[PDB]
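Topology and contacts: notes
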Amino acid sequence: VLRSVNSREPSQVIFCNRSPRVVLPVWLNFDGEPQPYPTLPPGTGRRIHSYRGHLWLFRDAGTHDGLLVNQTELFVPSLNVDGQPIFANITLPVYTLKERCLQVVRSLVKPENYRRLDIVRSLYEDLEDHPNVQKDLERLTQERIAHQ
Amino acid sequence: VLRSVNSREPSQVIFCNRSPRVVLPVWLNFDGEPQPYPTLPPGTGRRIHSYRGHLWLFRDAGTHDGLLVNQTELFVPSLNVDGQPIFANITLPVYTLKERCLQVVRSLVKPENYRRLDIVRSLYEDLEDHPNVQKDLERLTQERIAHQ
Amino acid sequence: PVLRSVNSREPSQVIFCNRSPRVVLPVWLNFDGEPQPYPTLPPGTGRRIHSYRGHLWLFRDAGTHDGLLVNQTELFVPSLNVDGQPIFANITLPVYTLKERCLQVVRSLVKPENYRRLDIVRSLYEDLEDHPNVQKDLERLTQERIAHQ
Amino acid sequence: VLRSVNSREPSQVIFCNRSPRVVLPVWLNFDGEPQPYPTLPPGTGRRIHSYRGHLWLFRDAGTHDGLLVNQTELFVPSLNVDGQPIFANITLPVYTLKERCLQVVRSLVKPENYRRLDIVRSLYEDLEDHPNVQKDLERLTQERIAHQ
Amino acid sequence: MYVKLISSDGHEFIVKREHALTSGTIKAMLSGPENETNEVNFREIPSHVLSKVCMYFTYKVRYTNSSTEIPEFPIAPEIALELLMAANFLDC
Amino acid sequence: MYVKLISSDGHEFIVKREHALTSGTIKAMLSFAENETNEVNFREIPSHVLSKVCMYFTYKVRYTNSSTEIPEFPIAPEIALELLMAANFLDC
Amino acid sequence: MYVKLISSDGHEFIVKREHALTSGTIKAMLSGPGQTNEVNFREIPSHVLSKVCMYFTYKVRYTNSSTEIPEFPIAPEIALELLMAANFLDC
Amino acid sequence: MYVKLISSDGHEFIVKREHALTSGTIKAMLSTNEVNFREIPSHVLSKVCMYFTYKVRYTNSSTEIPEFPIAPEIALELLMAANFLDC
Amino acid sequence: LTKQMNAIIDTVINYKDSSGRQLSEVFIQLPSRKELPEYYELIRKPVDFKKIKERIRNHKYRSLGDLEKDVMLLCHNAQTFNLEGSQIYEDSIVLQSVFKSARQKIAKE
Amino acid sequence: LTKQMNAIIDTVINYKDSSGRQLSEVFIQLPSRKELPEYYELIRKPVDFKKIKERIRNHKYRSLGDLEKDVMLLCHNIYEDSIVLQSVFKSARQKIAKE
Amino acid sequence: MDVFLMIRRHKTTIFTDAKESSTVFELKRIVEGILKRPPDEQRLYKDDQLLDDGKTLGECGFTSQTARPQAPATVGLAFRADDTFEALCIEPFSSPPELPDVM
Amino acid sequence: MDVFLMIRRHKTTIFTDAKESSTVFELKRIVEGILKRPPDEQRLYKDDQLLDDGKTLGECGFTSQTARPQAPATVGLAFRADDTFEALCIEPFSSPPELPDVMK
Ligand SMILES: Cc1ncsc1-c1ccc([C@H](C)NC(=O)[C@@H]2C[C@@H](O)CN2C(=O)[C@@H](c2cc(O[C@@H](C)CN3CC[C@@H](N4CCN5c6cc(-c7ccccc7O)nnc6NC[C@H]5C4)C3)no2)C(C)C)cc1
Ligand SMILES: Cc1ncsc1-c1ccc([C@H](C)NC(=O)[C@@H]2C[C@@H](O)CN2C(=O)[C@@H](c2cc(O[C@@H](C)CN3CC[C@@H](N4CCN5c6cc(-c7ccccc7O)nnc6NC[C@H]5C4)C3)no2)C(C)C)cc1
Ligand SMILES: Cc1ncsc1-c1ccc([C@H](C)NC(=O)[C@@H]2C[C@@H](O)CN2C(=O)[C@@H](c2cc(O[C@@H](C)CN3CC[C@@H](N4CCN5c6cc(-c7ccccc7O)nnc6NC[C@H]5C4)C3)no2)C(C)C)cc1
């Protein structure tokens, strides 16, 4: 599963936030429970101490919207070669127009008022289904049981 | 001492040019001879299809000025973990004010005219010492015989 | 898809021989037919390069993006190897028009922001500014293949 | 075994002589008998009309020394693709120092005087054994029966 | 080739075929049996919306498979709801 | 059969007819349509330029369709601009 | 702490000590026995020493710093005199 | 590594091992970084090395190979040396 | 003789350099001609480290000098095909030096 | 039904376009994940036609509408052929199943 | 570098890209390809200023940073009636309803 | 392209290559590797004038057209007596016999 395996071998990493959003780095612990870490402001980049085999995930600190790291969903630092730091490039994905619209509506209207918008109930349900690290982790497991 | 390693295991890489300059990626061959590759325009990124253990180096295609990849001088892709691509972040280093000035003077004055500048003799030599991949490779070897 | 490589699955050994005075940029057309830059050949060099048959290539001055020739034509497509013999791509200067050749030299001497300082016609200025380009030339080559068809 | 094949399909070819020597193109006929053709001066190239499957061979017109075409000993034009011509690049091989010396001695001393050189008897025989298309064809056959 | 999307108010939008196909609904309407005809009419989508729907096609096509940073696809509050509606109908 | 090209400063250049025809402008001027004209006069082209324009005709004629290797046609900086002008006018 | 660098024409430049120490030659002049806050450059004009400070600002800021650094610009008009000044200082 | 070939007149020639091995007779003798040739003078053994340099460099070179020059004055003695060496 | 021939060939294969990496890993199995057609156009007599274990069981090598003649042939075949200074070139230089010390320990001690 | 199912699947495979080239080899055998990890990360239910000939012998497809459901699945999983094949399967089933 | 454009005449709007280095004429040819009217029957405007066929989009003022895919720059189009050209007329897109109370 | 060189101190002659681009110092290091004497104990001469450790072989004069594998360019070497770095000594090669009348 999404194990984040104990290594004891340090892996220097550079978290580079090239999204327009505030980024929440999320480290999966050894039990595989998401752990929130300090947020990266848009257009910032810092050297962070992680360990080899440790599994990370990144998200919009506010909306919990899904981001990408090196054009994929999970980042696992390789063992450093000759001390060279690994690079985690965090970016927006190309959201579907729908999901993107939901994002904007959700950002403008209080959740208790979703009910007041003159839209179809199905859209209201889609608004109510806020993005979520755990839901997405469950999906990523079934995508690994499907590669089996 | 300083060469690619024949591996036969593919490693997808992302060359990201975050310098203001046109970047010349330079692949060290197995014999360890620098090999010029297609240039990256400033602010561009490409997926590259390299191999495990292959050693790369980046430079200003024009001036042959030294650049950095992941805040170091050499890039060697790790084997991909879960199909996730490695990222090579290419940037300007913080050049010394002197070296930076040399760069600008060298870019404005034809090399045969360095002689016409009303400057100190030492500077004439410094302007003449154009940056060079091979000189830098020789230096990097002695820096690797000094760390063993 | 008109000018594109073909997924042959059959490897072809090729020898890129640069007999031009220029640094040569080999350009492989992919299956979609999008130009893919490959490592440059210094003048007077030759290399054996692993390729596949039906693959379509194209060569240019790595610096100026000026047009070159391979086996006295514009495109090179490797034949299936016969008895292991490596096929040969001989890359040379074409005979440029006097105009295009002059443009090349002027372009190489004058910074693009100074093209404006030359006491020449505006049309010539536009021609200088127009820099040769793989894509423009690919578009032209297709119309030259729909004109033969 | 080593012969042209009657084909009916034309294959335009470019004979490029990048040897310092005058080159004798040698077409193997259908019965597989060497046929001398017009010589190429050093540093010249000609477009020649040949056919698919036709087998060619190149040599120093003067000495009958062995040459190479596209880094091999035989040239057989493939079917033309889109009318573009196939290219036959004719070059010196890397002769053994011995064979190369023989070449020079043979070129300076009349064959009747090989006997006057203060050399080993074996060398006299080697000097007298002038290179020859037919001897080389016999060798090339045994090298193709050894690959089967 | 290009394709013509026509808004309720009757604006015509000429966009590349491939750009339009980003929409499953449009893909269906065009690929459904001249055949694959140029025009498609949206009686319930106004121009200020269908204009922006195209702008998304432009965006999606361009920035999908872009290796470094992608920029935010902006949506003004005033248009957000109607776009969400249009977006869902289109499947884009 | 040869042709006479005359520069502004009044130098005469005798070059083969076929060599000259490499210039569309010259071809036009040569080709009263009962018989051929030997002279053509260039009011605005000096000798040091028209001389080099001929040298190109020599080059083009010789190396067009030559198989193994062609050499780059050299142009000195001092002549480059005026030649470019002349080149464009001539269509060579 | 702020240090005072004084140009030939007599402009005063107040810059942080840490920013200034980027110049090895200034480090020497300050860490030496002397008799400090001030250092005087009789051969460096203001339009140059001004830009030398701007470099200190730049160097200090964009070092120990990771994802992207911008080009330190130098206009042709100043390039030569700056190169001189740059050499005379450690960088 | 490198290998030392010593001419009759006693000149020393230090050449890469792999360069030297181009000679079957040297290959045999090294099968030891020294070999002594009592019957080969320097002006010959010097040129024999130059051939090793040439052969090693130009073997498997696709574009073009240049003729390995031999002056008349040296031709016969080189032919002798060549045959003895098996180069 | 077969016990001695296995001790020499297994020592050369199992041999790791002073960074812990096994050198014989690339020489264990020659590639297919479809994979690499150049090796089989240049190399005259292609042989690997499993084709030597094959000929140790079939008893084709009559002495310890016939086993050596074909370990030098592949190590020299490899050296020719590869670039000088390449990873694979200098290990066939070491695999000849580790075979010449492995035969010298087993055959006379 | 098995004779009819083979006639439809073999016609789609044997089908050559108007330049003489066979379209099916790029669907006859799926690649390995080692070769192309991107298809097995992006495509949910990978199936080739050799896996369709396998399921015609094992009798997993109960009707000619169940054979079609998984030929549309791989063709939906050359741009035009993914479609030409769908268009040559929809004309091949329409000739065998009703004539 | 790429520039993203809306070429708009009346109630027609064409979405297309072009290079900074490409020319006003090349753009007229693209329009010809779609609306079947030659470059000599077209006038292309950037805002209210007429664009010469010979200038590069770059020189006209269009840049990658102001002609982004999701914020395309608008090139105005006018066709010719006989001896005279129609006025540049770009019929505006529909207005959105007043912002619903929650937002 | 590379440059092909013969370094000939006294009786000794070393056959070696280097890059057109590379440095006189890197060459001294190769000599160190073979003759076991560091770069500060050797001074290398082209003809009668010494080449500085810092120069590119190109700037010294060595190119493809003068330093070919079959016509290596000859670089002079001087070794150090503790008191003085010894003056450049090169030992001439054996002469070839007068051209036999048979080859005229
Ligand atoms: C500024 C900023 N901005 C944006 S984000 C950010 C930022 C990012 C990071 C940090 C901080 C500083 N960094 C982190 O949070 C990093 C990152 C991510 O990687 C988790 N992590 C951590 O630090 C965890 C962590 C640390 C650790 O270190 C062990 C490998 C090394 N330890 C010694 C010993 C070993 N193990 C040895 C056997 N041992 C056991 C042995 C046995 C046993 C053995 C034999 C026989 C019988 C036995 O029972 N049994 N049990 C054992 N259990 C323990 C185990 C320990 C561990 N690894 O992970 C921390 C948070 C948990 C700050 C800002
Ligand atoms: C657009 C753009 N913009 C900015 S950059 C860029 C760009 C990016 C990429 C490219 C192009 C497409 N890509 C590249 O240029 C990449 C990048 C960089 O990494 C070099 N490279 C290359 O392609 C080299 C290359 C290719 C290769 O492929 C082998 C791994 C696959 N080979 C099968 C066989 C196996 N080896 C197996 C043992 N084998 C030998 C075996 C033996 C032997 C064994 C047993 C017993 C006895 C024996 O002797 N001996 N010798 C052997 N040697 C061969 C070896 C083969 C590996 N690896 O590297 C090319 C250039 C060389 C373009 C632009
Ligand atoms: C030093 C130097 N200096 C100057 S130049 C140079 C130099 C030059 C070259 C190189 C290197 C060594 N050489 C190259 O770069 C060469 C050159 C030129 O020839 C292209 N090329 C390449 O490497 C490309 C390349 C590789 C490839 O191999 C295919 C046959 C096979 N692969 C790809 C296409 C996949 N297909 C796999 C099924 N796949 C699908 C299957 C299915 C499917 C569905 C249902 C059922 C069954 C099925 O199979 N469905 N969809 C599929 N999608 C498409 C298809 C793709 C496998 N051909 O070209 C590389 C770069 C692309 C080094 C230095």
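Every chain's residues are listed with numbers counted from 1 in the order the sequence is written; these need not match the entry, and residues without coordinates are not shown. Here chains are named by letter from A upward and ligands by number from 1 upward, in the order in which they appear as written. Bear in mind the chains here are only a fraction of a larger assembly, and the values reflect that fraction. Side-chain metrics rest on all non-hydrogen atoms present in the structure, leaving aside hydrogens and water.

Structure determination for this entry is recorded as X-ray crystallography, at 3.1900 Å resolution.

**Quick word on the overall build of chain A**
Heads up, the condition is: Numbering goes from the N terminus for both helices and strands, where a helix is a DSSP run of H or I of at least four residues and a strand is a run of E of at least two. The rule is simple: take the accessible area with a 1.4 Å probe, protein chains only, and divide by the maximum for that residue type; under 20% is buried, over 50% is exposed, in between is partly exposed. Contacts between residues were defined by any pair of non-hydrogen atoms, one from each residue, lying within 4.5 Å. Note on areas: these come from Shrake-Rupley sampling with a 1.4 Å probe, and a residue is covered only by the protein chains present in the view.
Within chain A, the secondary structure is distributed over three helices and seven strands. Taken from N to C terminus, the helices and strands of chain A fall in the order β-β-β-β-β-β-β-α-α-α. Dimensions of chain A along its principal axes, counting C-alpha atoms only, are 60 × 35 × 25 Å. Across the 148 residues of chain A, 50% fall into the buried class. Here the contacts in chain A between residues at least 6 apart in sequence split such that 64% fall between residues at least 24 apart. As presented, chain A carries roughly 7100 Å² of accessible surface, and 51% of it is formed by carbon and sulfur atoms.

**Focus on the overall build of chain K**
For the record, the criterion: The convention is simple: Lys and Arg are positive, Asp and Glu are negative, and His and the chain ends are not counted. Charge placement uses NZ in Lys and CZ in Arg. For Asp and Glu, CG and CD serve respectively.
When its secondary structure is counted, chain K shows two helices and six strands. Listed by position from the N terminus, the elements making up chain K come as β-β-α-β-β-α-β-β. In terms of overall dimensions, chain K has C-alpha extents of about 50 × 35 × 25 Å along its principal axes. In chain K, buried positions account for 42% of the 103 residues. Summarising the internal contacts of chain K: among those between residues at least 6 apart in sequence, 62% fall at separations of at least 24. For chain K, the exposed area adds up to about 5200 Å²; of that, 48% sits on carbon and sulfur atoms. Separation between the mean location of the 13 positive side-chain charges and that of the 18 negative ones in chain K comes to 3 Å.

**Considerations on the site of ligand 1**
Residues and elements named next belong to chain A. Rules: Consider each residue's heavy atoms; a residue with any of them within 4 Å of a molecule or strand counts as near. By the criterion applied in these results, polar contacts are pairs of N or O atoms within 3.5 Å in which, for protein atoms, one can donate a hydrogen and the other can accept it, and in which residues neighboring in sequence qualify only through two side-chain atoms. All residues other than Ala, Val, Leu, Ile, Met, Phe, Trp, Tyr, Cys, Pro, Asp, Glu, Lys and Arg, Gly among them, are scored as polar; the first ten of these are nonpolar and the last four charged.
Around ligand 1 sit 15 residues, and of these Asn 6, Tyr 37, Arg 46, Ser 50 and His 54 come closest. A distance of 3.4 Å separates a nitrogen atom of ligand 1 from a polar backbone atom of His 49. Elements with a contribution of two residues or more to the shell around ligand 1: strand 2 (23–28) and strand 4 (45–51). By residue number, the principal contributor to the shell around ligand 1 is strand 4, which donates five residues. Classifying every residue of the shell around ligand 1 by side-chain character gives nine nonpolar, four polar and two charged.

**Thoughts on the pairing of strand 1 (residues 2–6) of chain E**
Residues and elements named next belong to chain E. As a reminder, the rule being used: By the convention used here, strands pair only if DSSP detects at least 2 bridges between them.
Burial analysis of strand 1 places four of its five residues in the buried class, the great majority of the element. As paired strands, strand 1 and strand 2 (residues 12–16) are joined by five bridges and run antiparallel to one another. Pairing of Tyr 2 across the sheet is with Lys 16, part of strand 2. Taking the residues between adjacent antiparallel strands as the criterion, strand 1 and strand 2 are bridged by five residues, where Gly 10 takes a positive phi near 100°. Bridge count for strand 1 against strand 3 (residues 39–41) is three bridges, and the pairing is parallel. Of the residues in strand 3, the one forming a bridge with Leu 5 is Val 40.

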